[PDB]
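Have a look below at one chain only, the form deposited without the named molecule, in structure tokens format.
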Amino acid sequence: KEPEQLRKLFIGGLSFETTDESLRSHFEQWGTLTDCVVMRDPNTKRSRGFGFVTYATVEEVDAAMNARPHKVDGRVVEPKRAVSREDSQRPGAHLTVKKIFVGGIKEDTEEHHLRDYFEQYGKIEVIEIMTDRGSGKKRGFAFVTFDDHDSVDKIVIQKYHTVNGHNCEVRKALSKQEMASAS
């Protein structure tokens, strides 16, 4: 019995006419749904254009994501790992990114260290261990790029990540400008 948060998917871009029933009829093809709902405006009752689907196990969530692209009621929608209400308050928590910031890695951390932990989440395209300009000093963080945005989401929703023997913090990478406006 895995946590409800990890068994749930945010479904974005829903057609205006998709309902709890039609959404369920589609996603039920990859497993048992324990919850399925279309979010709509309290007053107008109008669909807000998104919803959530929750499966009995994360294995079923994974099958659902492996089946992208998904078309619901004639509309290509965008399935995403559900980000908790708490983590949703963070800047850029809902961005569709392929790169993650990895902070707090030992100075002697090498690429194979990052691969042995991250490759399990998806195909890695780029690994950059950051150093100081002119100094050459290791700065204690790195960037890892995957070929699927879901590899990143699968990672950032977990709390701990062990690299080169110790825990490190992992977040979605923000651009220079996204970083500045977030400060």
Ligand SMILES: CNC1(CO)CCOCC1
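Numbers for residues come from their place in the sequence shown, where the first is 1.
S.K.: Find out whether the coordinates of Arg81 are absent in at least a third of the other compared PDB entries of the same protein.
M.R.: No, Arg81 has coordinates in all the other entries compared.
S.K.: Thinking of the other compared PDB entries, is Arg90 one of those residues unmodelled in at least a third of them?
M.R.: Per the records, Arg90 goes unmodelled in at least a third of the other entries.
S.K.: Select between 77-85 and 90-98 the stretch whose C-alpha atoms have the higher average B-factor in the entry.
M.R.: Higher of the two, by average CA B-factor, is 90-98.
S.K.: With reference to the PDB entry, specify whether the mean Cα temperature factor is higher for 43-51 or for 56-64.
M.R.: Averaging CA B-factors over each stretch, the winner is 43-51.
S.K.: Please place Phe27 in the lowest, middle or highest third of its chain according to the CA B-factor in the PDB entry.
M.R.: For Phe27, the deposited C-alpha B-factor lands in the middle third.
S.K.: What third of the chain does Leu33 rank in for C-alpha temperature factor, lowest, middle or highest?
M.R.: Its C-alpha B-factor belongs to the highest third of this chain's values.
S.K.: Can you work out whether the C-alpha temperature factor of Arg115 puts it in the lowest, middle or highest third of the chain?
M.R.: Within its chain, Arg115 is a lowest-third residue by C-alpha B-factor, going by the deposited values.
S.K.: Comparing against every modelled residue in the chain, figure out the third that the C-alpha B-factor of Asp147 lands in (lowest, middle or highest).
M.R.: Ranked within chain, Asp147 CA B lands in the highest tercile.
S.K.: Using the B-factors in the PDB entry, rank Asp132's C-alpha atom against the chain and give the third, lowest, middle or highest.
M.R.: Ranked within chain, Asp132 CA B lands in the highest tercile.
The same protein also has a form solved in complex with the named molecule, omitted here; what follows describes it.
S.K.: My question is simply whether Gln158 lines the interface with the named molecule in the bound PDB entry - judged by any non-hydrogen atom within 4.5 Å.
M.R.: Yes, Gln158 sits close enough to the named molecule in the bound PDB entry that at least one of its heavy atoms falls within 4.5 Å.
S.K.: Determine whether any heavy atom of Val163 comes within 4.5 Å of a heavy atom of the named molecule in the bound PDB entry, and answer yes or no.
M.R.: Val163: no contact with the named molecule in the bound PDB entry.
S.K.: Answer with yes or no whether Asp20 is in contact with the named molecule in the bound PDB entry, where contact means some heavy atom within 4.5 Å.
M.R.: Residue-level check for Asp20: no, no contact with the named molecule.
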